[PDB]
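Structure record follows, encoded as structure tokens.
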Ligand SMILES: [Zn+2]
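Residue numbers (the entry's author numbering), protein chains in the order written: chain A, 10 to 181, 198 to 222, 227 to 246, 258 to 322, 327 to 452; chain C, 5 to 135.
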């Protein structure tokens, strides 16, 4: 139906947003201001998004779902129009900030329409197509923006944002919220400062301080939806597996940038053609299948640390076995969360499931990188790599053990 | 937290040859990304000038006019490091050579040269030539 046809247009408003991150050198000359200041400028999108998606979901919960999805898609016009209009330093900041709060509005609200769309059985067709929207949307955000920068430029990648954000609409109470964003703002850049940096132990405080001040100040959930969310976090911990693998292959074994692309796009095509098999797979069975078969995905790439001549076989099967496992768990976990969550409080509950997904990644990457960067500094590339891949196996096993607290 | 440990260089007679190596510690690649890497020279007289740069992903090299043909930047992929093999060195080449690398980007995007783009810099290695 044209229920998802518009929704995916709002998820592709978050492909164009996270494509410009991989084309920072082009707009450093245009906007003029040096790298390091213009980089953090583009960073603000997923920054503002991660801290407001909870609130913007809880305000969409009351103010209206399609009301907020109308706000977001309208705010996605100015978000892109502001940047593409004129390139200059101070303006570039604000343009990404609103691009960030634009996503915070869309994600939880469009996740609530899906429950109204079906309310059982024909909901899995929608949530699967939603997963295609995000995983395809993020999966090629880089490979797109780069291909666009080559021929057309950095300008014609953000004019596609306004027109798709309109075509989407064509198919259409501060209870510590301020001490929530301050905990997230900090926690979001505790992983980034964790690598860079002191504010290393200093910024961990304002997270823990604004956590307990927010703990005793909408917190009300007790169902398997909790299990589906906690499992989602632990599974996204093995996101680092891919980045540490791409590094190892391209630096250690010394392949070209295109080979890295073929191994990666193989994983991308696989995972997008399993979320389809995910809905057919269904709750606990496929999520146990996914959380398990991903751990194999690692093991095949872990064993490439002790390689041979025909271990490109053992590495490839890894990318496939890793890719499909995410796809299998992909469309059942989003359902088990979206279903069990109360119809009254969907906007609040969905934002929490999406952030728990977000932090999981950033958290996993930080560990995977730090371990790799440490282990490769201590011992070698091949050795140090496996140490990082192993740390992912543990999280992937914990994600398989995280299903223990998720009954049928 | 990405150190650039650089080695080689030093003094030699004019019309001679010199090696300059530089590796990047704990610099990881994103899902469809790479980074560009090379040297800038700066004699006590003139200001910071670009020499030779290479895109780590697909050996996409770029040189300045001055050094074109004599200098040959390249990456020892198995040992993981870039190195600028300099030849027929003229006394203009006498300066402090700084190994640098820019923030990562889509591998589809082209190699970089402008000092504004490069963000990671090495302590600097000295090279001098004479009669
Ligand atoms: Zn570059």
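Cβ atoms here follow ideal geometry from the backbone N, Cα and C, with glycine treated the same way.
Length of the line joining the Cα atoms of residue i and residue j
i                      : j                      : result
residue 23 of chain C  : residue 6 of chain C   : 23 Å
residue 87 of chain C  : residue 80 of chain C  : 8 Å
residue 425 of chain A : residue 28 of chain C  : 12 Å
residue 115 of chain A : residue 77 of chain A  : 7 Å
residue 386 of chain A : residue 37 of chain A  : 46 Å
residue 25 of chain A  : residue 151 of chain A : 9 Å
residue 35 of chain C  : residue 301 of chain A : 8 Å
residue 238 of chain A : residue 230 of chain A : 12 Å
residue 85 of chain A  : residue 11 of chain A  : 20 Å
residue 384 of chain A : residue 264 of chain A : 7 Å
residue 312 of chain A : residue 145 of chain A : 7 Å
residue 75 of chain A  : residue 157 of chain A : 31 Å
residue 38 of chain C  : residue 121 of chain C : 14 Å
residue 68 of chain A  : residue 391 of chain A : 8 Å
residue 303 of chain A : residue 367 of chain A : 11 Å
residue 99 of chain C  : residue 21 of chain A  : 50 Å
residue 17 of chain C  : residue 90 of chain C  : 13 Å
residue 272 of chain A : residue 328 of chain A : 13 Å
residue 180 of chain A : residue 82 of chain A  : 12 Å
residue 19 of chain A  : residue 135 of chain A : 14 Å
residue 345 of chain A : residue 336 of chain A : 15 Å
residue 408 of chain A : residue 396 of chain A : 18 Å
residue 91 of chain A  : residue 97 of chain C  : 46 Å
residue 41 of chain A  : residue 167 of chain A : 19 Å
residue 262 of chain A : residue 450 of chain A : 11 Å
residue 201 of chain A : residue 400 of chain A : 19 Å
residue 235 of chain A : residue 48 of chain C  : 47 Å
residue 171 of chain A : residue 93 of chain A  : 10 Å
residue 154 of chain A : residue 110 of chain C : 8 Å
residue 419 of chain A : residue 281 of chain A : 15 Å
residue 61 of chain A  : residue 435 of chain A : 31 Å
residue 127 of chain A : residue 119 of chain A : 13 Å
residue 432 of chain A : residue 413 of chain A : 7 Å
residue 370 of chain A : residue 139 of chain A : 15 Å
residue 269 of chain A : residue 330 of chain A : 15 Å
DSSP state of residue i mapped onto helix, strand, coil
i                      : result
residue 39 of chain C  : coil
residue 60 of chain C  : coil
residue 166 of chain A : coil
residue 132 of chain C : strand
residue 97 of chain A  : coil
residue 17 of chain A  : helix
residue 132 of chain A : coil
residue 393 of chain A : helix
residue 16 of chain C  : strand
residue 424 of chain A : coil
residue 261 of chain A : coil
residue 385 of chain A : coil
residue 122 of chain C : strand
residue 22 of chain C  : strand
residue 322 of chain A : coil
residue 8 of chain C   : strand
residue 300 of chain A : helix
residue 200 of chain A : coil
residue 429 of chain A : helix
residue 450 of chain A : coil
residue 28 of chain C  : strand
residue 28 of chain A  : coil
residue 291 of chain A : helix
residue 373 of chain A : helix
residue 40 of chain A  : coil
Cβ distance (whole Å) where residue i is taken to contact residue j below 8 Å
i                      : j                      : result
residue 306 of chain A : residue 363 of chain A : 5 Å
residue 359 of chain A : residue 348 of chain A : 5 Å
residue 26 of chain C  : residue 116 of chain C : Not quite, the Cβ-Cβ distance comes to about 16 Å (not below 8 Å), so this is no contact.
residue 107 of chain C : residue 77 of chain C  : That belief does not hold up - the Cβ atoms of residue 107 of chain C and residue 77 of chain C are roughly 20 Å apart, past 8 Å.
residue 105 of chain A : residue 51 of chain A  : 6 Å
residue 376 of chain A : residue 293 of chain A : Not confirmed; about 35 Å, so no contact.
residue 279 of chain A : residue 405 of chain A : 5 Å
residue 440 of chain A : residue 317 of chain A : Rounded, the Cβ-Cβ distance is 20 Å, inconsistent with contact.
residue 148 of chain A : residue 402 of chain A : With 8 Å as the limit, residue 148 of chain A and residue 402 of chain A do not qualify as a contact, their Cβ atoms being about 16 Å apart.
Check: residue i C-beta below 7 Å from any heavy atom of ligand 3
i                     : result
residue 40 of chain C : The ligand content of the structure shown is limited to ligand 1, which means ligand 3 is not among them.
Query raised in the report: Where are the beta strand (DSSP E) runs, 3 residues long or more, that stay fully inside the segment 42–109 of chain C, in chain order?
Result: Runs of the beta strand (DSSP E) inside the segment 42–109 of chain C: 53–59, 64–67, 76–80, 85–91 and 99–106.
Query raised in the report: Which whole runs of the beta strand (DSSP E) in the segment 65–93 of chain A are 3 residues long or more, in chain order?
Result: Here no run is fully enclosed.
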